[PDB]
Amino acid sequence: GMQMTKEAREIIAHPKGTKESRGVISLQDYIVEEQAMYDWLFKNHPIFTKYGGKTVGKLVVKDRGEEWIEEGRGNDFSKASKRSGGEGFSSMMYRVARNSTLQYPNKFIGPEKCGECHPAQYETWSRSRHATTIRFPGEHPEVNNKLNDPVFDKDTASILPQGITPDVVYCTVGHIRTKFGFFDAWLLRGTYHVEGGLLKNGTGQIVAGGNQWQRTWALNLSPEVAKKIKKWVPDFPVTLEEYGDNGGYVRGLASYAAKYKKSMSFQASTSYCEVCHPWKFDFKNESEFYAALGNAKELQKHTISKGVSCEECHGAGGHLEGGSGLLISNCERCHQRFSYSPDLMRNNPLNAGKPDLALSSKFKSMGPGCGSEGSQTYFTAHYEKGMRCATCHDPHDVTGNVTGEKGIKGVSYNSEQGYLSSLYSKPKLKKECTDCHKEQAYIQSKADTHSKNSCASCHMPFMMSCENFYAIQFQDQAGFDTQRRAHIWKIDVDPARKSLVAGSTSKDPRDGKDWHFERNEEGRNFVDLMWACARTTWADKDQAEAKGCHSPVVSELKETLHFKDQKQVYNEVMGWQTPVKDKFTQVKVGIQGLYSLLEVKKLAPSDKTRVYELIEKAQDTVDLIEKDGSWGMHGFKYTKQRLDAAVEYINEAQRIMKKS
């Protein structure tokens, strides 16, 4: 029936933490501390006290033992390592650095207190999604504070699912940007709704799923857009019923950590959400905490920090006397999301004994997860060269000056609330690509086909699934659950090889088993050309402003520029790169031949001068093209024409040489 997971039960039965032995809290101490919470929930959550433990769909407990220990094949990683004799535990993706929300008292003073002395950082931080990821009812002006009304069209979803009303919700998680979710007053993750009644008075039935409000489904993927995609992808779901387990009762409210009417996780905020979308309460001790649980108002009134606040990155009380000590976040708590791939291990016998080298990112079904930018960057040249998040990003102003969409006429949507209203993100950067890649920027600056595209538009497609909307993941088509920006940069040019592949445990192309990034010959992640050129998304401002790129679904270009498969994209690339690489090689061979001749042939001074001059001008051209390294993809006309001139330089020198 109802119990903690195996992993947790095994650690509880034989704990090897350090709190008692060393006076220092470590991973296993966090697994054990969670037991009272689950015991309290099995006795006091309405699902047991009012609904008799009955649900439409099976309840499935998912505590820190599964999230912090088992996730990302941490047991396989552990067995593959020498650490603790191959007998230890590995927390691949979900863990905290400091005390959890089960420890009272804590030393948090709240971001407003940091802001008294650091008013400048408070301002830029406070207009970011870090600051408002956790909010209370009354803090949603972007839907005029109507959490139970349709956001967009009147037949699509509200933020809160039916039967969940604001007075039984501790908080929402998320934004209009991508998705929302909710926590009830007992700090249980909202993996359910209530049909035929309300949670608030124990009426109706608890139903699994239909729990996660999804912007793209609600706004952009109408039945007519779905039917357009279905012309290309004959399995694409159109009717609500074709979304199946991933769906629900109304377009816009999908099932997440649940399958609709079939199963639902039963999970406290402590097991998972506190890692990345946190809050902290001001209670003196845990009794005060347990007495306030189940009362949304009392919990809210005692909330001293919401979301990714100053102290979540910099430590409770920062550097203040009596505080816990200053930290400077490297972001890996919430943005790394390592996941071990036995396939990457098996496929490269050179990696033997180095299970770190077979790390991938957490996948949500067939797409790399949101909050995986760190595990993605780990296998890039950038990271090898010492670059980290803070190299490029401002850590405070992470959302930027984005705004609402005035053209949307929805039932509750209000476009005028700044970033709260926005469908996009524009993080403030310390470094642009053009700061370090000057030759690429130079070629790209010459007026041509993509000369208005940002560097990011080809190099950082929106490959990541935040929603685990597997009903719409058709990855070989570079769509359609595409809400976060890949941090990989390297573009592979190949007719067939894919960035994203199924694990060897997969038995159907759509089962979603053990999907992972593939690695190229340099041991790095890469972006395939279907993602780079032809991806489909509604999260990409650059793409929206460049005619939807080459997506058969969102491109506004003529239809002969709609790219349907990677081989077609590859052949377009080849049409540009092959003549460029031919002229390049011709020049290189010409330069070498002429330097050989100059070592033995004697020429009149004015002719010697000219021959040398042409060789060196040809060399300037080939050095520039070689350093650029795109073989015409950063600007074909400038590139081809410059090389043509250089071939002609070589031809002139050869005539002069032949003459003498």
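Don't overthink the numbering: it's just position in the shown sequence, from 1.
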- Stretch with higher mean Cα temperature factor, 642 to 650 vs 8 to 16, is 8 to 16
- Query: With respect to the recorded C-alpha B factors, which stretch has the higher mean value, 467 to 475 or 77 to 85?
  - Reply: 77 to 85
- Which one, 428, 382, 535, 346, has the peak C-alpha temperature factor per the PDB entry? 346
- Item | Candidate set 377, 453, 214, 211 [ranked by C-alpha B-factor, highest] | 453
- Note on the structure: Temperature factor at the Cα of residue 249, chain-ranked in thirds, falls in the highest
- Going by what the PDB entry lists, where does residue 262 fall on CA B-factor within its chain: lowest, middle or highest third? highest
- Message: For the chain shown, is the CA B-factor of residue 400 in the lowest, middle or highest third of its modelled residues?
- Response: lowest
- Ordered by C-alpha B-factor within the chain, which third holds residue 67? Give me lowest, middle or highest, please. middle
- Task: Can you work out whether the C-alpha temperature factor of residue 42 puts it in the lowest, middle or highest third of the chain?
- Result: highest
